[PDB]
There are 2 protein chains.
Amino acid sequence: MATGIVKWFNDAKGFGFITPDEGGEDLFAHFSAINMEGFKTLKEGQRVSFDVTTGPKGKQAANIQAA
Amino acid sequence: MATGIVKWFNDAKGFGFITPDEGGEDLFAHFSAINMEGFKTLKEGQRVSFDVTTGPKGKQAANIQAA
């Protein structure tokens, strides 16, 4: 499965462009193209925003979102 | 509240640690802490994996997931 970095994205009409990693031309990416199963976990390197809260494991990230 | 980068995560037991951006101690991040509303859009700089497919806008990213 191919990979790449999101180059830019406007929330108004809900799409952006992805630069593919292994070379090639930029891809159009509509928000509706997001597979929600693809984001049920967190990934190494992934930038995220969150609330900070004290839980059982101590200081923890709540309400995690993409940043 | 705050932002940060996911430093390390383990898909088996479903938890990892986030290093906060604006200084501080690393935070425990369980996958159930993920707010799905937080990922319905794509973010600038976000690393993603995808199918490639020809749609109306031309070459497009399909089935987009976090990478």
# chains A, B, ... in the order shown; residues from 1 in each chain; ligands from 1
$ interface_residues --of "chain B" --to "chain A" --cutoff "6 Å" --atoms "only C-alpha atoms" --output "PyMOL selection string"
chain B and resi 1-8+27-29+31+33-35+38-39+41+44-50+59-66
$ calpha_fit_and_write --fixed "chain A" --moving "chain B" --output "short mmCIF file (atom, residue, chain, number, x, y, z; two decimals) with C-alpha atoms, in the first residue's frame"
data_model
loop_
_atom_site.label_atom_id
_atom_site.label_comp_id
_atom_site.auth_asym_id
_atom_site.auth_seq_id
_atom_site.Cartn_x
_atom_site.Cartn_y
_atom_site.Cartn_z
CA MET B 1 -0.81 0.65 -1.78
CA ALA B 2 1.40 3.74 -1.31
CA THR B 3 2.32 6.22 1.43
CA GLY B 4 2.95 9.97 1.47
CA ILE B 5 2.74 13.25 3.40
CA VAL B 6 -0.26 15.59 3.31
CA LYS B 7 1.18 18.70 1.63
CA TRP B 8 -1.80 21.06 1.95
CA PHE B 9 -5.49 20.80 2.94
CA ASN B 10 -8.48 23.19 3.11
CA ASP B 11 -11.08 22.61 5.87
CA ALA B 12 -13.80 24.71 4.15
CA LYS B 13 -14.35 22.76 0.91
CA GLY B 14 -12.87 19.58 2.47
CA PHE B 15 -10.06 18.58 0.12
CA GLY B 16 -6.27 18.76 -0.18
CA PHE B 17 -3.22 17.30 -1.88
CA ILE B 18 -0.88 14.51 -0.82
CA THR B 19 2.72 14.37 -2.02
CA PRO B 20 3.59 10.67 -2.49
CA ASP B 21 6.69 9.37 -0.65
CA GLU B 22 8.19 7.01 -3.23
CA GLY B 23 8.22 9.69 -5.95
CA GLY B 24 5.50 10.72 -8.37
CA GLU B 25 2.77 13.29 -8.93
CA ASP B 26 0.71 14.93 -6.14
CA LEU B 27 -2.64 13.26 -5.39
CA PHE B 28 -6.02 14.86 -4.75
CA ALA B 29 -7.36 13.82 -1.33
CA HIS B 30 -10.99 14.46 -0.39
CA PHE B 31 -11.93 14.11 3.32
CA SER B 32 -14.56 11.47 2.44
CA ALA B 33 -11.63 9.33 1.18
CA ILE B 34 -10.63 8.89 4.86
CA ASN B 35 -11.07 5.34 6.18
CA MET B 36 -12.03 5.72 9.85
CA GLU B 37 -10.65 2.25 10.66
CA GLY B 38 -7.29 3.69 9.60
CA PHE B 39 -7.22 6.11 12.56
CA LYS B 40 -8.44 4.02 15.51
CA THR B 41 -4.79 3.64 16.53
CA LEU B 42 -1.90 6.09 17.03
CA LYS B 43 1.23 5.98 14.86
CA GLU B 44 4.91 6.66 15.63
CA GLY B 45 5.82 10.19 14.51
CA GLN B 46 2.17 11.26 14.32
CA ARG B 47 1.55 14.85 15.43
CA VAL B 48 -1.47 15.10 17.80
CA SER B 49 -3.35 17.59 19.99
CA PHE B 50 -4.94 16.65 23.31
CA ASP B 51 -6.36 17.51 26.69
CA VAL B 52 -4.10 16.73 29.65
CA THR B 53 -5.60 14.85 32.57
CA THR B 54 -4.56 12.72 35.51
CA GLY B 55 -5.68 9.12 35.11
CA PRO B 56 -4.65 5.79 36.64
CA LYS B 57 -1.39 5.70 34.60
CA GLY B 58 -0.66 9.26 35.79
CA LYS B 59 -0.46 12.22 33.43
CA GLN B 60 -2.35 11.17 30.31
CA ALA B 61 -3.38 12.50 26.92
CA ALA B 62 -7.17 12.80 26.66
CA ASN B 63 -9.39 13.75 23.71
CA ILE B 64 -6.64 13.11 21.17
CA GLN B 65 -6.96 14.67 17.70
CA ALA B 66 -4.82 15.17 14.58
CA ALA B 67 -2.72 18.35 14.67
#
$ select_by_dssp --residues "chain A" --states "strand (DSSP E or B)" --output "ChimeraX atom specification"
/A:2-10,15-20,27-30,34,47-55,58-66
$ write_last_selection --atoms "N, CA, C and O atoms" --output "compact mmCIF listing (two decimals), in the first residue's frame"
# COMPACT_ATOMS: atom_id res chain seq x y z
N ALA A 2 0.55 2.22 -0.85
CA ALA A 2 1.38 3.42 -1.04
C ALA A 2 1.24 4.41 0.10
O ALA A 2 0.19 4.45 0.76
N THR A 3 2.28 5.22 0.34
CA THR A 3 2.28 6.23 1.40
C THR A 3 2.80 7.60 0.96
O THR A 3 3.35 7.73 -0.12
N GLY A 4 2.60 8.60 1.80
CA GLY A 4 2.96 9.99 1.47
C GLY A 4 2.59 10.97 2.58
O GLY A 4 1.93 10.60 3.54
N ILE A 5 3.03 12.21 2.44
CA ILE A 5 2.72 13.26 3.41
C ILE A 5 1.67 14.22 2.86
O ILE A 5 1.71 14.58 1.69
N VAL A 6 0.73 14.63 3.71
CA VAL A 6 -0.26 15.64 3.35
C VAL A 6 0.45 16.99 3.19
O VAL A 6 0.99 17.53 4.15
N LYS A 7 0.46 17.51 1.97
CA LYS A 7 1.16 18.75 1.63
C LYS A 7 0.38 19.99 2.08
O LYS A 7 0.96 20.92 2.64
N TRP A 8 -0.92 19.99 1.81
CA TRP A 8 -1.80 21.11 2.16
C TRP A 8 -3.27 20.67 2.07
O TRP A 8 -3.60 19.73 1.34
N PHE A 9 -4.15 21.35 2.81
CA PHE A 9 -5.56 20.93 2.94
C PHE A 9 -6.47 22.05 3.41
O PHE A 9 -6.26 22.60 4.49
N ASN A 10 -7.50 22.38 2.63
CA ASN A 10 -8.48 23.40 3.04
C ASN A 10 -9.77 22.79 3.58
O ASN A 10 -10.40 21.97 2.90
N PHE A 15 -11.01 19.26 0.89
CA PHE A 15 -9.97 18.43 0.26
C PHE A 15 -8.61 19.08 0.35
O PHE A 15 -8.48 20.21 0.77
N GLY A 16 -7.60 18.34 -0.07
CA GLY A 16 -6.24 18.83 -0.10
C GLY A 16 -5.43 18.08 -1.12
O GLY A 16 -5.98 17.47 -2.03
N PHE A 17 -4.11 18.12 -0.97
CA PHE A 17 -3.22 17.38 -1.85
C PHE A 17 -2.15 16.63 -1.06
O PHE A 17 -1.54 17.19 -0.15
N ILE A 18 -1.94 15.37 -1.42
CA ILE A 18 -0.90 14.53 -0.82
C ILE A 18 0.30 14.41 -1.75
O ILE A 18 0.15 14.08 -2.93
N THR A 19 1.48 14.68 -1.22
CA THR A 19 2.73 14.39 -1.92
C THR A 19 3.07 12.92 -1.67
O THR A 19 3.23 12.52 -0.52
N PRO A 20 3.15 12.10 -2.74
CA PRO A 20 3.53 10.70 -2.53
C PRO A 20 5.00 10.53 -2.15
O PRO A 20 5.85 11.25 -2.67
N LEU A 27 -1.33 13.96 -5.26
CA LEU A 27 -2.65 13.35 -5.28
C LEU A 27 -3.67 14.28 -4.67
O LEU A 27 -3.41 14.90 -3.65
N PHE A 28 -4.85 14.34 -5.29
CA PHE A 28 -6.00 15.01 -4.73
C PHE A 28 -6.58 14.11 -3.64
O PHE A 28 -6.76 12.92 -3.87
N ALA A 29 -6.86 14.68 -2.47
CA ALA A 29 -7.40 13.92 -1.33
C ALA A 29 -8.61 14.60 -0.71
O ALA A 29 -8.46 15.60 -0.01
N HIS A 30 -9.80 14.05 -0.96
CA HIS A 30 -11.02 14.56 -0.37
C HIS A 30 -11.18 13.97 1.01
O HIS A 30 -10.75 12.86 1.24
N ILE A 34 -11.17 9.50 3.57
CA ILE A 34 -10.63 8.99 4.84
C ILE A 34 -11.37 7.71 5.26
O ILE A 34 -12.59 7.70 5.34
N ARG A 47 1.81 13.61 14.70
CA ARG A 47 1.59 14.82 15.49
C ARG A 47 0.14 14.88 15.96
O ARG A 47 -0.77 14.76 15.15
N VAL A 48 -0.07 15.07 17.26
CA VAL A 48 -1.43 15.08 17.83
C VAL A 48 -1.65 16.20 18.84
O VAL A 48 -0.71 16.67 19.48
N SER A 49 -2.91 16.62 18.98
CA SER A 49 -3.32 17.56 20.03
C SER A 49 -4.18 16.82 21.04
O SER A 49 -4.82 15.82 20.71
N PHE A 50 -4.22 17.32 22.28
CA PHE A 50 -4.92 16.60 23.35
C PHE A 50 -5.18 17.44 24.58
O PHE A 50 -4.50 18.43 24.84
N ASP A 51 -6.16 17.00 25.35
CA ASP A 51 -6.32 17.46 26.72
C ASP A 51 -5.33 16.70 27.56
O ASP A 51 -4.96 15.58 27.21
N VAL A 52 -4.89 17.31 28.66
CA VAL A 52 -4.02 16.65 29.62
C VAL A 52 -4.80 16.43 30.91
O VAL A 52 -5.51 17.33 31.39
N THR A 53 -4.68 15.22 31.44
CA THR A 53 -5.52 14.75 32.54
C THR A 53 -4.77 13.72 33.35
O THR A 53 -3.96 12.99 32.81
N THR A 54 -5.05 13.65 34.66
CA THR A 54 -4.45 12.64 35.52
C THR A 54 -5.37 11.43 35.57
O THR A 54 -6.47 11.51 36.11
N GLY A 55 -4.93 10.34 34.98
CA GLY A 55 -5.64 9.06 35.07
C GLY A 55 -4.87 8.03 35.88
O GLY A 55 -3.89 8.36 36.53
N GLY A 58 -1.26 7.86 35.46
CA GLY A 58 -0.63 9.14 35.74
C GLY A 58 -1.06 10.23 34.77
O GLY A 58 -2.23 10.33 34.39
N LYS A 59 -0.12 11.06 34.37
CA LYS A 59 -0.39 12.13 33.43
C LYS A 59 -0.66 11.48 32.08
O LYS A 59 0.18 10.72 31.57
N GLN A 60 -1.84 11.72 31.52
CA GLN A 60 -2.18 11.12 30.23
C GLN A 60 -2.88 12.06 29.26
O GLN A 60 -3.43 13.10 29.64
N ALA A 61 -2.78 11.68 27.99
CA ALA A 61 -3.37 12.41 26.89
C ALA A 61 -4.83 12.00 26.73
O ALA A 61 -5.11 10.84 26.41
N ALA A 62 -5.75 12.94 26.92
CA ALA A 62 -7.16 12.70 26.64
C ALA A 62 -7.57 13.40 25.35
O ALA A 62 -6.82 14.22 24.82
N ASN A 63 -8.75 13.06 24.85
CA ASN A 63 -9.37 13.75 23.72
C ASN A 63 -8.41 14.01 22.56
O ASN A 63 -8.32 15.13 22.06
N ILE A 64 -7.70 12.96 22.14
CA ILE A 64 -6.63 13.11 21.16
C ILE A 64 -7.19 13.40 19.77
O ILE A 64 -8.14 12.75 19.31
N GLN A 65 -6.59 14.37 19.09
CA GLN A 65 -6.97 14.74 17.73
C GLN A 65 -5.74 14.99 16.85
O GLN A 65 -4.64 15.21 17.36
N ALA A 66 -5.94 14.94 15.54
CA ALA A 66 -4.88 15.23 14.58
C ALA A 66 -4.42 16.67 14.69
O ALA A 66 -5.24 17.57 14.80
